[PDB]
Amino acid sequence: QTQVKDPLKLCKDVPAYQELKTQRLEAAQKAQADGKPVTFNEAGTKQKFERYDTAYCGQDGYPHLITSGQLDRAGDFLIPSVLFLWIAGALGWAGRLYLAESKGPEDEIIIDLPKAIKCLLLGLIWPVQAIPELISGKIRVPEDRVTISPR
Amino acid sequence: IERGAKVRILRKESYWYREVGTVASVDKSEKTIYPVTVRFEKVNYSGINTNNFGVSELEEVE
Amino acid sequence: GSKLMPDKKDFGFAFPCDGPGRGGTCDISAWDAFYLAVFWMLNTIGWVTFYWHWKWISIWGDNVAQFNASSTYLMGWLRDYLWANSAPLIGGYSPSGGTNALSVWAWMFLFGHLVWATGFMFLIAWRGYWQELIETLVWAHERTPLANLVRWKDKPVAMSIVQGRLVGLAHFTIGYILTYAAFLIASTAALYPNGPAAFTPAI
Amino acid sequence: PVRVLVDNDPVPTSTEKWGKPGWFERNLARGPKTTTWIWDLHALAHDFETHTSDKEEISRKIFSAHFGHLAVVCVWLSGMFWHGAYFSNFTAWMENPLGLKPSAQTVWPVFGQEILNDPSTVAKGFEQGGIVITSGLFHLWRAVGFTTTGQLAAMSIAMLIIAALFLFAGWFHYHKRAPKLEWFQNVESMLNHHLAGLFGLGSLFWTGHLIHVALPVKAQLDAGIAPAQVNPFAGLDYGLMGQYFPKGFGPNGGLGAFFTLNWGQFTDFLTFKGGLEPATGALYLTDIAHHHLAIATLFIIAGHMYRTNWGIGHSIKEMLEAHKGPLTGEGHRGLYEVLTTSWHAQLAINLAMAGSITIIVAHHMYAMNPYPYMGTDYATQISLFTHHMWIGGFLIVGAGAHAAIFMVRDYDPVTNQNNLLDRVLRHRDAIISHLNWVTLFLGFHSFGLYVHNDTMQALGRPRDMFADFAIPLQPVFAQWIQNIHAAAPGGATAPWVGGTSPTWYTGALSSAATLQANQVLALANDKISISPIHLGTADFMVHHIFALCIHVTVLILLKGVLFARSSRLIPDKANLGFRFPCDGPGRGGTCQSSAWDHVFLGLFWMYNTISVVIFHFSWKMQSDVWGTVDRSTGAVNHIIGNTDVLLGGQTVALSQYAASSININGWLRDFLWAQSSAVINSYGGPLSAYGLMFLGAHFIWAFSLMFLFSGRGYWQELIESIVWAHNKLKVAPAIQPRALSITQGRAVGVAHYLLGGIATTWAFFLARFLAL
Amino acid sequence: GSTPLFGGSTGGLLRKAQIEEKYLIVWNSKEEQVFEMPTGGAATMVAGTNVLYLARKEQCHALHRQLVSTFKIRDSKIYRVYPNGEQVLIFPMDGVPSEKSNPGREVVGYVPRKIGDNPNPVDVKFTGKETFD
Amino acid sequence: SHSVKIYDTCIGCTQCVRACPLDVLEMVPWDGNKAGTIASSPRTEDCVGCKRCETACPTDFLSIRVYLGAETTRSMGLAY
Ligand code: CLA
Ligand code: CLA
Ligand code: CLA
Ligand SMILES: CC(C)=CCC/C(C)=C/CC/C(C)=C/CC/C(C)=C/CC1=C(C)C(=O)c2ccccc2C1=O
Ligand SMILES: CC(C)=CCC/C(C)=C\CC/C(C)=C\CC/C(C)=C/CC1=C(C)C(=O)c2ccccc2C1=O
């Protein structure tokens, strides 16, 4: 057992990140002249480690994310969090909009496209409608209209 | 209760408990225990959409 | 009780099903939820004890950097934990090098794989297959000369629906535990058996 | 009596029915109310007998669906030729078939997946490289005379035209000119045309391709002409045909030798060699041409056996009615009525044969390699054997399924009165109980030997083992058969056959360890294409494992057929159908008593069967056959290489298969643990997709056990609490969520079990042999 | 009456039919015709009274279902035969079919409540009494 | 022998009686429904417990209930 007092520092200070960063750039310059089209070319790899330079790295040299809510690492989890909840909330609200306007079960196996695009467009701004339905209790059915089992 | 009215189910073992069905038939006779026939939007686990209830198991919501 | 079976308490804790009606009702009893959760308990404790063992053999073996690098993806668990530490175990007996002290764990490790896999037969192939098979064996015994003189006192029947689940769970569980115990003991006792445990206090 | 009865435009070609899925069956036409309807739609869509009772309308749907399937296969074949033409290193592989790995799938560079394009496929025309292919398509295309990629592109276009022809005829013979029921029942005319026309003239026309394309192209490549310079029409010029084949295409003229019955001139390009050519490791093309000419003659002859419209020929119904005896009652009477009124009876036979033939293809292709240089492509050899083993096993299980469907749907007591079918049913308890006994015998006396050996080795008693180094179990009958076939070319029973497969020549050796280079067939890359295959104790033991797994699979499928209609348990089982989950928890419990559930259980045992076969093939070929030869010592270095068995300790040298496969720990350590090192280390390179597929297939296999081990009553109750939360927030759907049916939960489980298990071995095999 | 024409099978009677009980099904046939045995296989019924010995009551009732659905033969009778030789008629019991209501039958198994008004299992604890009483 | 109970929700549709492969069930006259009849289970010593009767019963939650009890030769469905 060996205590790690400093598990994380800036990646640009870690020498195992400088190992990796030069080892990736050398592979990107190897494929630029006398090479093959790759996902990370020489300018793509420069920008990749331009982003990782001000990140936190462990001793292996790989970036580690901080998800505690701290705001110098808000791009690590907090900003992808708002982007997720907007897009996932849009798809959830759009299905809820389409379900209420459904003619029947045939609208569930044959998608009514101008109804579906409109619900998917109206779902895009879902917190314009959802939170005024969320404080009113309009988001939920009363308890004596929802089936339950014996107790 | 009469034919056509929307009614809630108080039969707890019913699939449609606390749901709203439509009265399709009320038996005009005595001696019949469960005289009111209710039709529903949801089939149960057997694909059945109707059942018979007493008036004591129904709540008129209309 | 539930919506599928509102009077389930009248049938008790352990019963097979309520038949193929209402869509089909296999594994509806509260006993069957016990049976399903034993798999999930065995899986969870498996994850817990895999994690304890790999973190500690990386400490004992001076390979913590390998644990920190390879535990973040599932191939690292397969290769660096399961595949690498199986080597002294499955070499416990061999045509080239004879046997050593790990031969009993090597044999138990295979035994546990066999018992666990035998559980799958009970868990997958259910009763009505076996009952029709037993009726042909009952026919064969009664028609075979010198053997039909011997008669059972109790009529052979296939195991009940609940019994097939219990016996299948028992083989699955025993095979689960014996395999891991053979692996845990033989990998530790061969590759990482002893260490100092003295330390210098910190100030 | 053989006429053509056709109704004209019986079905209008309209898209009105596309607005209503599930129109074809009376339960589904009422629309979805639950999610069970969705699965019911797919499971019933090709079950044409549930859609109508009209046998003629069922026969019309089948005939038209067959055209659609043929169009699918031709589109698939068109894609293979297209990817060979435009996305391959076929041009560079043709110059160096032994130095370059074939690749015909290249990968776009996003997310870093271009790591799957590898060097050792990189060459000119194929700069970025690609996935190494193991289908053997380049060896097949080179064998039948493809030299350039521009010829593959024309073949891709031709296959799309054949596909569009096939798809049009399916529209035509359903919507425009649909044949009547008596047209389909002309089985004597159908057999005449398929034997003489399809199989006979198909082989005769292929002989003409072999003679005029495949033979002269190979004559030009053997002359040293580069394949870009190879004239493909050289077999159509009689003069250029003269220089390669001086006797058959000579001054003693070609077609002049044919009509004067001077066929001895044709021994230049039609031979009876038998063996493999030592330079390519493949069969002689003149042997292949004479083969297809000889079987064309026999098939065209066979297609004149049955009577159609000219008096002569056999009547199948009168033939079947004559072949009866005292021991078998009325004999084959009524089987003509079975086989001309049941599509399932014909499908059961034709799946049994197609699956069994595909397995014969697997054995015959490794041992008698038809394609030059393919015998040294070990990943191709492994893949082609394994693929056709799996295809054959799946089709045999389907034969058991449709035999059972025949028994439920199309069996009639009036047709089968004391005939062969009726008499099999009347002793089904005798058949199944004897099959129960022989599987128990085989399982004890084959797998128990492995367990004996595991235990003896662990106890430190290797002299008590069943092994070549210990108590031997020699497979003396198979060694006898090998001795017969080794002696037969040139010998008394085949005097003018010049050779046979080299696998037979094991006379003359007592192990694969003591193999010299003169006995093996190595090519110019010094790699062994094929060798004598020694059969010892380990091959005795594994062959009785094969017999165990086949007999259990037979036991399950035959129990499903013979008890499809009734049992002592369920006397009216046929009224419940082919596919029902159970008859309730009574009679002790009747789960999985249906004939469908025997197909379900039989798939796992087929899986167990084919998994042992391909594992046996992989280890035995690596240990005893494949490898390299050294031009010093005449030494054969197999891929694995010769365990020393201690035993005394005076060490005994055996091949690794003979020394180690005789117990389960050897299979676990020396086969599964040792050879998985390629796939678990494949990350960061081009085989890393196999490492991902290896992990992902393990996942899918494990995921299947959720379905196999549980029951739907749990899941339906769990769905109830979840539907409550969707009900509570106005997100409940109108199509009510149901748990999968009991049968579907079994079908989902076995599909994911098979998919995960087979794809694991696929990733294991291909990473093993493409890395070494 | 006589046995239907059948060459015998392995799916018929076992030693239970000698020591415990077997079953007899009797039906009249107007035409000689072929039917499927519940044991497995095809047999021919005579033009007369047919008697057939079967192992279970369910096998007898399955043949009766086949005789009704396929051949329109209605008047089938099922007897339970004891090893001493006693026959007891078990089907049909009162001559009237079970599906048709008949004045004269006693109601058996009647519980005068809907199924969700059964008492709790804690109510019937430490007794052989069940909650379906 | 299994217990086959009939509850007062029976509508007299006779579908359980037709479903039963053992002739356990029959219709007796009643006054509690419009059909004037109710299923009865006089011959439950022949009941195998297959629950085909419960499958045929249309009433929400069912008017006929099979409780699997002590197993006999008859109720286990043994031909031996
Ligand atoms: C209209 C779409 C929709 C919405 C708004 C919801 C909402 C919810 N689901 Mg449900 N669910 C859905 C579809 C939806 N679901 C579908 C199609 C399935 C079958 C796969 C499920 C299966 C399911 C389970 C098993 C559970 C939930 C749960 C929940 C709740 C918690 C969030 C969650 O766990 O999501 C998880 C979502 C899924 C697993 C399904 C997502 C699959 C796709 C993305 C949804 C389909 C989108 C639809 C086609 C869009 C059409 C719109 C267009 C026509 C305009 C939340 C109320 C949980 C709960 O009960 O919490 C209290 C829970 O345990 N859902
Ligand atoms: C040219 C367009 C066309 C149109 C408008 C119709 C219209 C119809 N067909 Mg016909 N048919 C066609 C072409 C067409 N067909 C072709 C090309 C074939 C040969 C395969 C057939 C063979 C055929 C049969 C055997 C039957 C019909 C039936 C029908 C009727 C109902 C079909 C339905 O609702 O299922 C909806 C189906 C789909 C939307 C398509 C399913 C496609 C699956 C998923 C894949 C199929 C692969 C395909 C065949 C091959 C592609 C090869 C390659 C090029 C990719 C409807 C009148 C049915 C009928 O009339 O019953 C009385 C019926 O039984 N058709
Ligand atoms: C020439 C070959 C052939 C033909 C024409 C048929 C035809 C038929 N079969 Mg048979 N059968 C076959 C071979 C064949 N089968 C084989 C090889 C097997 C063994 C597996 C079977 C076993 C079998 C059973 C057990 C049953 C049938 C049934 C049927 C009938 C209905 C099919 C249907 O609608 O299902 C609909 C088809 C689907 C819903 C698609 C199937 C999808 C499979 C299960 C999984 C595919 C996954 C794929 C391999 C990998 C994808 C992974 C990727 C996407 C990630 C139809 C008569 C059924 C019947 O009742 O007959 C009356 C039936 O129960 N067959
Ligand atoms: C306890 C005692 C007195 C022993 C005396 C000494 C004696 C005779 C030892 C012998 C014990 C044994 C091995 C009895 C055979 C067990 C059997 C009927 C297995 C078939 C069977 C299988 C394989 C399933 O998968 C399955 C799944 C779900 C439900 C039912 C079944 C089922 O039935
Ligand atoms: C294009 C596309 C993919 C759209 C998404 C499609 C949409 C909208 C929903 C998707 C629903 C799907 C695809 C699956 C859920 C199936 C399900 C209820 C599983 C639970 C279940 C489990 C886990 C068992 O083990 C089992 C065992 C034996 C019997 C029954 C069961 C059983 O029922």
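Side chains are part of it too, since the values below use all heavy atoms of this structure and drop only hydrogens, waters and symmetry mates. For ligands, and for the atoms within them, numbers begin at 1 and follow the listed sequence. Within every chain, numbering begins at 1; the chains are lettered A, B, ... in the order of the sequence lines, protein sequences first and strands thereafter.
For atom 28 (C) of ligand 4, the nearest protein heavy atom lies under 4.0 Å away. Atom 20 (C) of ligand 1 is not flagged as protein-proximal [any protein heavy atom, distance under 4.0 Å]. Proximity of atom 45 (C) of ligand 1 to the protein is not indicated, since no non-hydrogen protein atom lies closer than 4.0 angstrom. In this structure, atom 57 (C) of ligand 1 has protein heavy atoms in its sub-4.0 angstrom surroundings. Inside a 4.0 Å radius of atom 9 (N) of ligand 1 there is at least one protein heavy atom. There is a protein heavy atom less than 4.0 angstrom from atom 15 (N) of ligand 1. In this structure, atom 7 (C) of ligand 4 has its sub-4.0 angstrom surroundings free of protein heavy atoms. Within 4.0 Å of atom 40 (C) of ligand 1, not a single protein heavy atom is present. Contact annotation for atom 10 (C) of ligand 4: protein absent (non-hydrogen atoms, distance under 4.0 Å). Counting protein heavy atoms under 4.0 angstrom from atom 24 (C) of ligand 4 gives one or more. Under the 4.0 Å distance rule, the nearest protein heavy atom to atom 37 (C) of ligand 1 falls outside the cut-off. By the definition of a contact as any protein heavy atom under 4.0 Å away, atom 15 (C) of ligand 4 is not in contact. Protein heavy atoms all stay at least 4.0 Å away from atom 1 (C) of ligand 4. For atom 32 (C) of ligand 1, the protein comes within 4.0 Å by no heavy atom at all.
Residue D:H551 places its NE2 atom among 12 or fewer non-hydrogen atoms of other residues, nucleotides or ligands, all under 6.0 Å distant. No more than 12 heavy-atom neighbours from other residues, nucleotides or ligands sit within 6.0 angstrom of NZ on A:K138. Counting non-hydrogen atoms of other residues, nucleotides and ligands closer than 6.0 Å to CZ of A:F77 gives a total of 12 or fewer. In this structure, C:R143 places its CZ atom where more than 12 heavy-atom neighbours from other residues, nucleotides or ligands lie under 6.0 Å away. Atom NZ of A:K118 has 12 or fewer heavy atoms from other residues, nucleotides or ligands within 6.0 Å. No more than 12 heavy-atom neighbours from other residues, nucleotides or ligands sit within 6.0 angstrom of CD1 on A:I131. Residue C:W152 qualifies as enclosed at atom CH2: its count of foreign heavy atoms under 6.0 Å is above 12. Within a 6.0 Å radius of CZ in C:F13, more than 12 heavy atoms belonging to other residues, nucleotides or ligands are found.
With hydrogens and angles left out, the side-chain atoms of D:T34 and D:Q736 include no donor and acceptor closer than 3.5 Å. Between the side chains of F:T73 and C:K155, at least one donor-acceptor pair of N or O atoms lies under 3.5 Å. Donor-acceptor pairing under 3.5 Å is recorded for the side chains of C:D32 and C:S29. There is a side-chain donor-acceptor pair under 3.5 Å between D:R428 and D:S566. A donor-acceptor contact under 3.5 angstrom links the side chains of D:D597 and D:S594, judged on distance only. Looking at D:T743 and D:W596, their side chains never bring a donor and an acceptor atom within 3.5 Å of each other.
Looking at atom 4 (C) of ligand 1, its nearest protein heavy atom turns out to be D:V731 CG1, 4.2 Å. Atom 52 (C) of ligand 1 has its closest protein heavy atom at A:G95 CA, 3.7 Å. Remark: minimum distance from atom 5 (C) of ligand 1 to any protein heavy atom is reached at A:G92 O, 3.4 Å. Distance from atom 54 (C) of ligand 1 to its nearest protein heavy atom, with residue and atom name: A:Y98 CG, 3.6 Å. The nearest heavy-atom contact from the protein to atom 25 (O) of ligand 5 is D:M706 O, 3.1 Å. Protein heavy atom closest to atom 50 (C) of ligand 1, with residue, atom name and distance, is A:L91 CD1, 4.2 Å. Of the protein's non-hydrogen atoms, D:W39 CZ2, 4.5 Å is the one closest to atom 14 (C) of ligand 5. Considering only non-hydrogen protein atoms, atom 30 (C) of ligand 4 sits nearest to C:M159 O, 3.1 Å. What sits closest to atom 33 (O) of ligand 5 on the protein, heavy atoms only, is D:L740 N, 2.9 Å. Considering only non-hydrogen protein atoms, atom 26 (C) of ligand 1 sits nearest to D:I722 CG2, 3.5 Å. Among protein heavy atoms, atom 61 (O) of ligand 1 sits closest to D:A725 CB, 4.5 Å. For atom 18 (C) of ligand 4, the closest heavy atom belonging to the protein is C:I134 CD1, 3.7 Å. In terms of protein heavy-atom proximity, atom 28 (C) of ligand 1 is closest to D:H726 CE1, 3.5 Å.
Heavy atoms of C:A125 found under 4.0 angstrom from ligand 4 belong exclusively to the backbone. Heavy atoms of D:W715 found under 4.0 angstrom from ligand 5 belong exclusively to the side chain. Residue contacts with ligand 4 for C:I161 are absent, since no atom lies close enough (heavy atoms, distance under 4.0 Å). Proximity of A:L97 to ligand 1, defined as any heavy-atom pair under 4.0 Å, is not found for any part of the residue.
For a threshold of 3.5 Å applied to N or O pairs, the pair formed by D:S741 and ligand 5 contains no separation below that value.
Ring centroid separation for the pair C:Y35 and D:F709 does not come in under the 6.0 Å cut-off. In this structure, the ring of C:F172 has its center less than 6.0 angstrom from the ring center of C:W116.
Between C:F11 and C:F15, the ring planes lie tilted relative to each other; the angle falls in the 30° to 60° range.
Between C:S160 and ligand 4 there is a heavy-atom distance shorter than 4.0 Å. Contact annotation: C:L133 has no heavy atom less than 4.0 Å from any atom of ligand 4.
Looking only at distances, a side-chain donor or acceptor of F:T72 sits under 3.5 Å from a matching main-chain atom of F:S75. Side chain of C:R127 to backbone of C:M159: a donor-acceptor contact under 3.5 angstrom is found. At least one donor-acceptor pair under 3.5 Å links the side chain of C:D27 to the backbone N or O of D:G711.
Annotation: cation-pi pair B:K42/B:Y15 absent, no NZ/CZ under 6.0 Å from the ring centroid and within 45° of its normal.
Heavy-atom contacts of D:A739 reach the following atoms of ligand 5: 33 (O) (cutoff under 4.0 Å). In the vicinity of D:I719, heavy-atom distances shorter than 4.0 Å reach the ligand 5 atoms 18 (C).
Counting heavy atoms only, C:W130 comes closest to atom 22 (C) of ligand 4 of the residues C:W152, C:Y129, C:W130.
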